[PDB]
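Here's the structure, in structure tokens; my notes come after.
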Amino acid sequence: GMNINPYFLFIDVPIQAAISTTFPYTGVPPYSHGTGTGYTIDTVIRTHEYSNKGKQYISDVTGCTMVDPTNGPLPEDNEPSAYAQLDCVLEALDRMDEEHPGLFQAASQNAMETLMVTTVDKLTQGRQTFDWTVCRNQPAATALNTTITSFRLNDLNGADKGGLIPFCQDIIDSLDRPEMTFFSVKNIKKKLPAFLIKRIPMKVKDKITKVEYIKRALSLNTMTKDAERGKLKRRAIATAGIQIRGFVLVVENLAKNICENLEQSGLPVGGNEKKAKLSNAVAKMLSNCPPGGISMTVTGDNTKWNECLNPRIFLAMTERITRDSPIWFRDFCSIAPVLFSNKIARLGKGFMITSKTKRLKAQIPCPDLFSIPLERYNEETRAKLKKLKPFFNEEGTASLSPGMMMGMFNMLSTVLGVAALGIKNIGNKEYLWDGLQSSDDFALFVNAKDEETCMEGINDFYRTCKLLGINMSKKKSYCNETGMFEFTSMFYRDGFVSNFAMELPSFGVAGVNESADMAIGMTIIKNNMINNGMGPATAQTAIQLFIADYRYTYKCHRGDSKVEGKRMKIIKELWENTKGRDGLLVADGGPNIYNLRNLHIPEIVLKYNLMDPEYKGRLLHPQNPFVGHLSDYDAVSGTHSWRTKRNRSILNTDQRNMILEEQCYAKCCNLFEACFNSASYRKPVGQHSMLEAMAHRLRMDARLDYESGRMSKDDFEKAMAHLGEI
Amino acid sequence: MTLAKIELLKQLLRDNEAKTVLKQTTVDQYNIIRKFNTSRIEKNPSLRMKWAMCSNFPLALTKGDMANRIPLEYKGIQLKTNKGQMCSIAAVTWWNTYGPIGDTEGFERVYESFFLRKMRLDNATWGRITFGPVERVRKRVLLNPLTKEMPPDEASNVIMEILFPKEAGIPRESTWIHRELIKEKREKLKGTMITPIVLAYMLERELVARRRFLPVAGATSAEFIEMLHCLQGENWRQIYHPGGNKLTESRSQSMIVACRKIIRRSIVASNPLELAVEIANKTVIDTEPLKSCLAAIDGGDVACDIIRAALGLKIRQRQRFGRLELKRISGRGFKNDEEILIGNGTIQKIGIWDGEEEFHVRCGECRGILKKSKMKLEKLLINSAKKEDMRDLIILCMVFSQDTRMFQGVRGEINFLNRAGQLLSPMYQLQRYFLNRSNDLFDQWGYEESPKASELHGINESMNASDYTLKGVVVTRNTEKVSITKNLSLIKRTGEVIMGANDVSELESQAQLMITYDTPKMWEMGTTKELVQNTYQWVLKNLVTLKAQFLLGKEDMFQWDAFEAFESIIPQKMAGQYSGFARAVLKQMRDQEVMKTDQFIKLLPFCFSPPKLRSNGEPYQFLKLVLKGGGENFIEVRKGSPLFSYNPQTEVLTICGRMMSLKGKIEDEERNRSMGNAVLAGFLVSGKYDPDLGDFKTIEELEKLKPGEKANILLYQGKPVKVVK
Amino acid sequence: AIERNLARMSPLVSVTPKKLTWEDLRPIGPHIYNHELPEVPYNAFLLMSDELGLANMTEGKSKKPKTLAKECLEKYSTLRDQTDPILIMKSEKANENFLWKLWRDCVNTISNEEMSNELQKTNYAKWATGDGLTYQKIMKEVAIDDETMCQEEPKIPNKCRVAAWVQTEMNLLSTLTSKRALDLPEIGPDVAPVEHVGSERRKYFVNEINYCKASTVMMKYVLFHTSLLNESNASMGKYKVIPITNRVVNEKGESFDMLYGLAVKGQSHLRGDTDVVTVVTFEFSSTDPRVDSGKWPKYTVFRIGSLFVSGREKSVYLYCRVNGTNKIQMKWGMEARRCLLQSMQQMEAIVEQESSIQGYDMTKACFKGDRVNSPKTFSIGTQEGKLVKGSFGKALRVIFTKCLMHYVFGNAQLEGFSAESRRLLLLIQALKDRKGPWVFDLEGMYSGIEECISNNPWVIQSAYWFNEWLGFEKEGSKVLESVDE
RNA sequence: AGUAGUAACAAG
RNA sequence: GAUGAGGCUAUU
RNA sequence: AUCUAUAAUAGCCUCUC
Ligand SMILES: *O[C@H]1[C@@H](O)[C@H](n2cnc3c(N)ncnc32)O[C@@H]1COP(=O)(O)OP(=O)(O)OP(=O)(O)OC[C@H]1O[C@@H](n2c[n+](C)c3c(=O)[nH]c(N)nc32)[C@H](O)[C@@H]1O
Ligand SMILES: [Mg+2]
Ligand SMILES: [Mg+2]
């Protein structure tokens, strides 16, 4: 019979025109299970393997094993190499400077000003951050507050000044304190029969030595990344502490300032702006091709990008860039690469050893990895531990002087890649190379007279990148005649083609609330129509599919439907009771009246006229209990803007003391906001205590109320007495 | 409730922990503890929502009288828990169906922007939908219309003044301009019981502007960006007429763009005046005829004046330079690109204007007469007016003149490109740069003795009249009739040409308002790629007839209206040489009986312009024919191109990314025909690539070859061949 | 400095450029052709082409899942009353007695007058749901001392060869049927002409997709995953019978409720997103498992009765299987309808292109043709080694089936294979366009491709299809090597 | 068992 | 147990 | 001529085997 071959579509359609069919994004993304210690150990082993020919020594500050591949022997083969040459990096930076006069100076000046006007609270904008006091992961704000309190314990009050510079000076000084006192979390275990173990955390003072604190401040907490497409094997990510994040900001700002003025940089531009810049660059390269010659595009990615880049090279880069800056700013910018040169990797949760016959399992933590004979580990884990032994610390961590653990200097790496792209020629050979860089991804455009000369130029670029510690991926890189290529997963074929598959995961219900999710879905459909080349029929089908998914997620099927459910009975009663049925929202069993032309109108506004007065009043009740109120202020949003009480109640854990601290902070902040109404809208400023500001504000309010007749004699006297007591 | 707050503060201070937090936490550090959270926020909220909606009571209730109104159960369904009260979505539905009826004034007030959006959509007209190529450019455009627009800092200051005047801080002078507005807002929100943050974000919606990089095609006004998803795609266009009112500036810009396009299309035609009139009479700016728009608006550019003369209107020799209104009096200028050294040391390509010009300059209330020469501001006579307006006009005049001092007066950072690499008008960038730092410009300009005449007095940099004044500026106490000729040149009664087609700028810009042409040949007003695709589609449609005429006829097939439109995107310098080359190639293909359909289709459009052969009588030889706009807009003679490519295996022609089939309109024997007979004029393939001749010859080497001599040619990589004249 | 360092750098450090030729492109994953390896077995969550749905005419009232199953079983009382099993096939580690007892318990619970779909935690139900199989967690010190506690050696997915059932599934799932399963809700009325064009195009597109078997399978998957997630959240510590149900509509407008089988949900205490709940599925089928036994190593099959569809009766078997799923899989199955979009947006785009070339909407011309344009056809497959053409709707159905299989058989192997084969596809496209592609390490790219081909049936079939299409492309290009030469 | 895949769940 | 950067989106 | 300016939270997409 006739057998269907989907690939035969490509016979009638070019691959780029049908690239969306090559992305299996309707399937479940891969997830990681159990421990990530194996991946972390693999990363450490590979990072040390790519630099094992460098200078090995013992750190005098922490006692760790340090490997320095910079200025090391040049590679003799095509394996990944971290032996970047300082002279070549400086030459590339000088070339970049002389192509762009004043770029380094302007970037340094801008970064200095931004740092000078930057506050400590900027460190609260991150995600899960390593907390050294508890040696765990906590929200960035929580970790920052804990660090500030611990510093206050150790006579370090720079954070009170408000600026980031005093706080970073405090971190530097804390690195020198012979002993560190802080608050940590200790668990009390109780036997609850079922027997189960109930954990009650509480705050207790704790003390560590200078060396332990230094190692903790340099530690990186490693975990496993989840929901990553296009990869067969899982990988490990890492997060740094407050000390490192305090200094990474300025280096990233400087690198961004540099990159934004480079025409070969794919960062920070993104989306439509990035597409426009890339198209302009490609057109310029096409027009610049010598007459009668050949232009070739190399689509390339860099292998072991993070493992091979060295923080010492980044320190040299920072020193070169901030040549004409004040000494203090140069030291500030140098701090972060110095910290990364002495980084320590935490190896994770450890491993699990099991008895199959006895049906038992146990988690060996990282400190106790070598407590059991290596024969009890499996083959790969045994080999990895054997190779890890030289770089292992008795406290369960590893020394990782070489490499960048995970994407902390994307902008600086992009600057280095663009500097590599800026050479454009070796030995006056008859070729010219340019291109585009975005972290480890690059597109190299080589113009020459024949294919052989273009290949020679590509080889020269490869060797030059090797000199800078950049290893082009010979397995995943390819080249062709200019006109077709791929960059950052964007496919150019005489123009950038639309990739609708990548947007599919965003077409579901967002998961905020009914009204917010409706708005988000409609706006997603609209933006995919605008940007990702989605047609009107596909857009209408997307509207229908979103409505179906929304009704099934929120159990708000049509009022006239016969679907069953607790909400559905009330939906049916509302449908029966309503005359202007078209004005009912989809969340209330009403019909969907969305089409292409009104994807940008909020649902309530769209149906406002059609609502019956009683239903409209009930839905848009100013005092409805489902939306949080201020305290009784009126809330204009409808009843469908509710919030789910996200109680992260970990099983067998009772936070009878940490929730107490959360509630104390919440009450203090709520009272402050009551005294200062603009605090939520605008960040309050002041180096004085909250108590003093609140007391002065209340005193002024009482005095002005008394003068205006708002407050009588007795109440004014009571207020004055209370304030004086405070 | 000050006393209640004091009592609450005292009760909180009773707690030791709260006391230490309040005493040790600074006002700056509040922003830290405001975010203090004990547990990481759950990830994957879509899965979390799908999971929680299957629970019993996933929603939190606000304790109060309203919450207690909700019954514990309703017809066998438990709406609320019997710590923190929680409810089910059934509770929300019950409230919506039987809950108390409240007032809806707050919602109507807060979301007035969305109601205006809905009204704009509703009071809108929809035109026809057309199917065809659409070239879209990614530009930074405003998303939603705003009656008043200010930068986020100014908007935040205004919002703080309106809603939180007490804790507003320094009265920044930048708020002065908006003071009146603030009062108005404080009038509307005097007795509003809505939470201040919601009102603040309403004000931000009404004031703060959201600008994003989006792909647009001929309509960039915020009223059109709202409907952008419906306006057009990559292969269709939808005519849309938004409701409400449109600004005069948008209409002026749109009519300038329309006139420029009309002139560009018309110049290449025979009798350009008649075609220009015909197109202008059928042009509509959004929903207004172009003629009415020209008559109403008092302004425009050279193209607008030319179109006015063609339509029988009166020319308005007016010009806008951002915040200047310049009316020509006498003199004619010519724009030439030149590399100018800026005071910062960076060289920039700028269009310098030569000649001597006299202008009536207006700015706000300040008026004056400007006498300008090439790269020098000769004189500027001004009358007493507001000081701020006077100095702003002075600096605008100085930057307009492109004087050497002004270029040398730059000391700082100036961005002539955006983050996307797109070019920004250097003149406007310099104007903006010098508007806010006029002190350096005045210092670099110089000073001289103030005039001592009866009515002439100078002004110093100190904002006041004084014995010292900057060079050129002197304070004082004190329509044309033309006929348009065939070539769209305006001449006075004396015959001197004041304007011409060559004076129209070549810049391609996106009209703020949608422009329509109520003619079947509207596609001839499109961009380069659209014109190329339409021309080649037309050639393919009539391919058999064109082939028949070519095989029988000689030159009549080279003249068509489609090729006339195609000629507008070929630069006039190379049009004749391209035509000669293409005609020679086609003639050699026909006469020698070695015909390739793909090359015939590729080269036929270029044979329209009158041929221009070399001084020796032979046509020019080319490797690629360049078209207007972008570096990717070219047609390769030998190999494929981004605009034109051919696949002989599948016999598929790719034009501007669109695939068409030549099956049937092709002879299989053409696959056995060589490409070398259809790439150079007067050259025919002689045999295999002979190494004795040596390396492949270039175009210049080919042109100097004598007749009858061979040469090695590389059609494309891996395919050499030898040709003879 | 750079020049000196490059001068003293060894020549062995090279990018080793190599011009790519058609001959250099060898078939990917040769091991899928050797017969030493077993053919990849069927491992999808539910039956797709072998599904048999018991149809009960409905009056448009969605009464209840348990009630729907009760009515369907009452209509087919002979199958419901079948108490003695006749074993046809048995899984290696399955207990056919326990599986049949669990099936009978499910039937009795569904057919009982009680309104609860709960099953008692009996010995056979406990075995089927894997009750009490988690290892006991002991302290670190005891485990360290205990020398018998060792790290478990990881289990790697095995290597399998091409199986014909994947091709059969692809052929069958892309065919048109007489039943419509999509329940797309309404939208607002059209006002703008673009909206009218979209509605007119949606007519054709949805008519084509809705009538294909893949649409019914997708709807069954979506509904079952929704019900399973709801039951898992609601009933964490209960065994629940979850009927596999769908709702179809005939061409005459009459609606039917289709019962494809019964599912037993084990204890659902899924704290993590990757926590596993066991589901025991008993699905009706007409396929005899003995026709090809290599497809059903994981299924215990009983012959439960017969049905009449024509003059000839067809046997009805019960495929029983122990399976598992997590919250992520359930959530992603609840939103499998997005497959539609991925198929539409592609084909839609093509139509739009034609419109731009013709100056008018070309949906009708592409699907069926008109006076000026003949119907658009795509290379759809092979018949005895010869390329075969098919209609626009056939290609749309094929792409929709491809997306549905991406969902059904999607895992890390498919992701890696898709990425690496996409790189190879770009190289092949460069070859087709005469852009003279060059490579540095082609064997490395091939090894990257083949590292992901272990046991995913879709990945193995994709490798086979890629090899066939690459051979066809080589044959086509052989004619392109003699142009102007 | 099964899911699944370099490590986990199959309740705590 | 779920990180860094960039872009876009919704809300306060 | 949008170059400037831009508080916080959350989501989606892109970027060691
Ligand atoms: O947005 C573009 C254009 O549409 C807009 N513009 C120009 N004129 C108007 C009016 N009248 N109303 C609304 N918008 C208007 O400004 C942008 C100009 O784009 P572009 O076409 O590139 O400008 P041009 O090529 O004309 O050169 P530019 O230096 O930008 O001048 C623009 C404007 O200023 C006049 N002008 C300046 N100078 C120094 C002039 C000069 O020395 N001699 C003459 N004859 N004109 C001078 C231009 O002529 C234009 O009027
Ligand atoms: Mg990469
Ligand atoms: Mg790449």
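Throughout, a chain's letter reflects where its sequence line sits, starting with A, and its residues are numbered from 1.
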**OP:** Could you tell me if the ring centre of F442(A) sits under 6.0 Å from that of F487(A)?
**Re:** no
Original post:
Base, backbone or nothing for each nucleotide of nucleotides 7-12 of chain E, written B, S, -, heavy atoms under 4.0 angstrom, 5' to 3'?
Top reply: SSSS-B
**OP:** Give me the first and last nucleotide of RNA chain D, going 5' to 3', that has any atom under 4.0 Å from a heavy atom of chain C.
**Re:** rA1(D) to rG12(D)
**OP:** Kindly state each residue pair satisfying side chain to side chain donor-acceptor pair (under 3.5 Å) with at least one member in residues 506-518 of chain A, sequence neighbours excluded.
**Re:** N513(A)-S515(A), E514(A)-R567(A), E514(A)-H640(A), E514(A)-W642(A), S515(A)-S641(A), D517(A)-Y554(A)
**OP:** Under the ring pair (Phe, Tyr, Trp, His ring centres under 6.0 Å) rule, collect the residues that match up with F500(A), sequence neighbours excluded.
**Re:** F507(A)
**OP:** Tell me whether the OP1 or OP2 atom of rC17(F) has a side-chain N or O from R235(A) closer than 4.0 Å.
**Re:** yes
Original post:
Can you find a side chain N or O atom of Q429(B) that sits less than 4.0 Å from OP1 or OP2 on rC3(F)?
Top reply: no
Sugar-phosphate, base or nothing in reach of [X], heavy atoms under 4.0 Å:
X       : answer
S509(B) : sugar-phosphate
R40(B)  : base
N137(A) : sugar-phosphate

Taking only the [atom1] atom of each, what is the distance from [N] to [M] in whole angstrom?
N       : M       : atom1 : value
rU11(E) : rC12(F) : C1'   : 16 Å
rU16(F) : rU6(D)  : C1'   : 15 Å
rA7(D)  : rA11(D) : P     : 23 Å
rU2(F)  : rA10(E) : P     : 23 Å
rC8(E)  : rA8(F)  : P     : 16 Å

Base of [N] paired with side chain of [X] (donor-acceptor, under 3.5 Å):
X       : N       : result
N410(A) : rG4(E)  : yes
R46(A)  : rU16(F) : yes
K139(B) : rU2(F)  : no

Taking only residues two or more places apart in sequence or in another chain, which ones pass side-chain contact (heavy atoms from CB on, under 4.5 Å) with [X]?
X       : result
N95(C)  : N97(C), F98(C), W127(C)
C452(C) : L232(A), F417(C), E420(C)
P602(A) : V605(A), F114(B)
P151(B) : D153(B), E154(B)

**OP:** Please work out which residues in residues 266-276 of chain C have a non-hydrogen atom less than 4.0 Å from an atom of RNA chain D and list them by number.
**Re:** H269(C), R271(C), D275(C), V276(C)
Original post:
Can you list, by residue number, the residues of residues 128-137 of chain C that have a non-hydrogen atom closer than 4.0 angstrom to RNA chain D?
Top reply: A128(C), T129(C), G130(C), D131(C), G132(C), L133(C), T134(C), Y135(C)
**OP:** Give the dot-bracket string for RNA chain E, reading 5' to 3', where a pair is Watson-Crick or G-U wobble with both distances under 3.5 Å, ( ) marks pairs inside the strand, [ ] marks pairs crossing earlier ones, | marks a partner on another strand, and . marks unpaired.
**Re:** ...|||||||.|
Original post:
Quick one: salt bridge (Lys or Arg N to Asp or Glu O under 4.0 Å) partners of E503(A), sequence neighbours excluded?
Top reply: none
Original post:
Any chance the bases of neighbours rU4(F) and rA5(F) are stacked, by the 5.5 Å centre and 30° plane criterion?
Top reply: yes
Subject >> Backbone N/O of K191(A) and side chain of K198(A): donor-acceptor pair under 3.5 Å >> reply: no
